[PDB]
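Q: What would the 3D arrangement of this be:
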Amino acid sequence: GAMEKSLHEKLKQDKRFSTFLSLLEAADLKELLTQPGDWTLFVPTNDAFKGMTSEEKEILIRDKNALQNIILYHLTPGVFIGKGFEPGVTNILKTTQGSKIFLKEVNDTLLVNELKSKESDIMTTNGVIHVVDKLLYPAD
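A: Numbers count the residues shown, from 1 in each chain. And now the structure:
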(Lines give C-alpha, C1' and ligand atoms only; values in the text may rest on other atoms or scores of the structure.)
Protein backbone atom coordinates (compact mmCIF):
# COMPACT_ATOMS: atom_id res chain seq x y z
CA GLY A 1 0.00 0.00 0.00
CA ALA A 2 1.01 3.63 0.46
CA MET A 3 1.76 3.82 -3.25
CA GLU A 4 1.53 7.59 -2.92
CA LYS A 5 4.92 7.93 -1.25
CA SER A 6 5.26 10.44 1.59
CA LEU A 7 7.78 13.23 2.10
CA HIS A 8 9.88 11.42 4.71
CA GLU A 9 9.39 8.22 2.73
CA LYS A 10 11.13 9.79 -0.25
CA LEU A 11 13.99 11.34 1.72
CA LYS A 12 14.34 8.00 3.48
CA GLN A 13 14.24 6.07 0.20
CA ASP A 14 16.38 8.59 -1.68
CA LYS A 15 20.04 8.42 -0.65
CA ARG A 16 20.46 11.61 -2.67
CA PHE A 17 18.89 13.45 0.27
CA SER A 18 20.71 11.50 2.97
CA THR A 19 22.38 14.71 4.11
CA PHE A 20 18.95 16.22 4.64
CA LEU A 21 17.89 13.35 6.84
CA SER A 22 20.99 14.02 8.92
CA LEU A 23 20.70 17.78 9.41
CA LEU A 24 16.92 17.89 9.25
CA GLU A 25 16.63 15.15 11.84
CA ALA A 26 19.14 16.95 14.05
CA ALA A 27 16.88 20.02 14.14
CA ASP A 28 13.99 17.64 14.88
CA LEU A 29 12.04 18.34 11.67
CA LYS A 30 11.62 14.70 10.77
CA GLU A 31 8.20 15.08 12.38
CA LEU A 32 7.52 18.29 10.46
CA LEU A 33 7.65 16.38 7.19
CA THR A 34 4.92 14.13 8.51
CA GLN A 35 2.69 16.86 9.86
CA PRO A 36 -0.75 17.17 8.14
CA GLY A 37 -0.93 19.84 5.45
CA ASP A 38 0.09 20.67 1.88
CA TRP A 39 3.39 22.54 1.61
CA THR A 40 6.35 22.91 -0.77
CA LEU A 41 10.03 22.39 0.04
CA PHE A 42 13.18 23.28 -1.89
CA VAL A 43 15.79 20.54 -1.50
CA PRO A 44 19.18 21.12 -3.27
CA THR A 45 21.26 18.22 -4.60
CA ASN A 46 24.93 17.41 -4.04
CA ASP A 47 25.79 19.30 -7.23
CA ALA A 48 24.53 22.33 -5.31
CA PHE A 49 26.86 21.73 -2.37
CA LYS A 50 29.88 21.86 -4.66
CA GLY A 51 31.36 25.30 -4.00
CA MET A 52 30.16 25.99 -0.46
CA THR A 53 33.13 27.52 1.34
CA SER A 54 34.32 26.21 4.69
CA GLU A 55 33.52 29.56 6.28
CA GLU A 56 30.08 29.71 4.69
CA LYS A 57 28.96 26.34 6.05
CA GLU A 58 30.41 27.35 9.42
CA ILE A 59 28.72 30.74 9.48
CA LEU A 60 25.49 28.81 8.97
CA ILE A 61 25.85 26.18 11.70
CA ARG A 62 27.42 28.92 13.81
CA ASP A 63 23.91 30.18 14.57
CA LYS A 64 20.92 28.05 15.50
CA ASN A 65 18.58 30.55 13.89
CA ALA A 66 20.70 30.54 10.74
CA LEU A 67 20.72 26.84 9.99
CA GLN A 68 17.10 26.77 11.12
CA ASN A 69 16.12 29.31 8.50
CA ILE A 70 17.75 27.13 5.86
CA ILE A 71 16.47 23.90 7.40
CA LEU A 72 12.92 24.89 6.49
CA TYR A 73 14.27 24.73 2.95
CA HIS A 74 12.07 27.73 2.17
CA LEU A 75 9.03 25.69 3.23
CA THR A 76 5.99 27.41 1.74
CA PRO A 77 2.19 27.01 2.31
CA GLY A 78 -0.04 25.47 -0.35
CA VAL A 79 1.41 23.01 -2.84
CA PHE A 80 3.23 24.98 -5.54
CA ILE A 81 1.36 24.81 -8.85
CA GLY A 82 1.99 26.33 -12.25
CA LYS A 83 -0.98 28.46 -11.19
CA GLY A 84 -2.04 27.84 -14.77
CA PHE A 85 -0.61 31.35 -15.24
CA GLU A 86 1.38 32.85 -18.11
CA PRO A 87 4.80 31.06 -18.44
CA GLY A 88 7.67 33.56 -18.40
CA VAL A 89 6.56 35.86 -15.59
CA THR A 90 8.23 35.69 -12.18
CA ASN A 91 5.57 35.08 -9.54
CA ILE A 92 6.40 36.26 -6.00
CA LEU A 93 5.61 33.86 -3.17
CA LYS A 94 6.20 34.05 0.57
CA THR A 95 7.60 31.13 2.56
CA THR A 96 7.87 30.25 6.26
CA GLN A 97 11.58 31.05 6.15
CA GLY A 98 10.44 34.68 6.23
CA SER A 99 11.66 35.50 2.72
CA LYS A 100 10.11 35.59 -0.75
CA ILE A 101 10.79 33.30 -3.70
CA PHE A 102 10.33 34.04 -7.41
CA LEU A 103 8.88 31.23 -9.51
CA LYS A 104 8.94 31.06 -13.29
CA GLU A 105 7.89 28.14 -15.48
CA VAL A 106 8.83 28.22 -19.16
CA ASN A 107 8.80 25.59 -21.91
CA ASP A 108 7.23 23.11 -19.49
CA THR A 109 10.36 23.72 -17.42
CA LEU A 110 10.32 25.00 -13.85
CA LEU A 111 12.71 27.91 -13.51
CA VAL A 112 12.94 29.33 -10.02
CA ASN A 113 15.16 32.28 -9.03
CA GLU A 114 18.27 30.26 -9.77
CA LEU A 115 18.01 28.17 -13.00
CA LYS A 116 16.46 24.87 -14.12
CA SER A 117 15.17 22.59 -11.38
CA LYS A 118 16.37 18.99 -11.23
CA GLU A 119 13.06 17.44 -10.21
CA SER A 120 9.84 18.85 -8.78
CA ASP A 121 6.05 18.59 -8.90
CA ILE A 122 6.40 15.27 -7.12
CA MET A 123 3.05 14.80 -5.43
CA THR A 124 3.47 13.68 -1.83
CA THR A 125 1.08 12.78 0.98
CA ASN A 126 1.89 16.06 2.74
CA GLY A 127 2.24 18.31 -0.29
CA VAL A 128 4.70 18.54 -3.17
CA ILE A 129 8.45 18.32 -3.60
CA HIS A 130 10.94 20.58 -5.35
CA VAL A 131 14.50 19.48 -6.12
CA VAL A 132 16.89 22.23 -7.23
CA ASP A 133 20.61 22.48 -7.95
CA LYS A 134 21.37 25.62 -5.94
CA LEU A 135 20.69 26.99 -2.46
CA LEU A 136 18.49 30.06 -2.18
CA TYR A 137 20.06 32.61 0.16
CA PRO A 138 17.74 34.84 2.28
CA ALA A 139 17.27 38.61 2.01
CA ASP A 140 19.53 41.34 3.39
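
Q: Which residue or residues pair with the most centrally placed residue in the chain through a beta bridge?
A: Centrality entry for the chain: nearest residue to the mean C-alpha point is residue 42, 1.2 Å, by CA atoms, centre = their mean. Residues found in beta-bridge contact with residue 42 (criterion: DSSP bridges) are residue 130.

Q: thought it was touching residue 130?
A: Yes. Counting by CB atoms under 8 Å, residue 130 is a contact partner of residue 42 at 5.0 Å. For the C-beta atoms, the positions are set from N, CA and C on the backbone; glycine is no exception.

Q: Residues in contact with both of the two, list them for me.
A: Contact criterion CB atoms under 8 Å, 6 or more residues apart in numbering; residues shared by residue 42 and residue 130: residue 112.

Q: Spell out the secondary structure type for residue 68.
A: Classification of residue 68 using DSSP: H, G, I helix; E, B strand; the rest coil returns helix.

Q: The closest residue to it other than its chain neighbours and residue 1: what is the separation?
A: Across the structure, with CB to CB, 6 or more residues apart in numbering as the measure, the residue nearest residue 68 apart from its sequence neighbours is residue 27 (6.4 Å). In this structure, residue 27 and residue 1 are 30 Å apart, going by CB to CB, to the nearest Å.

Q: Kindly report the same for residue 104.
A: Computed with CB to CB, the distance linking residue 104 and residue 1 is 37 Å.

Q: was I right about the residue nearest to residue 68 contacting residue 66?
A: No. With contact taken as CB under 8 Å, residue 27 and residue 66 are classed as non-touching, separated by 11.5 Å.
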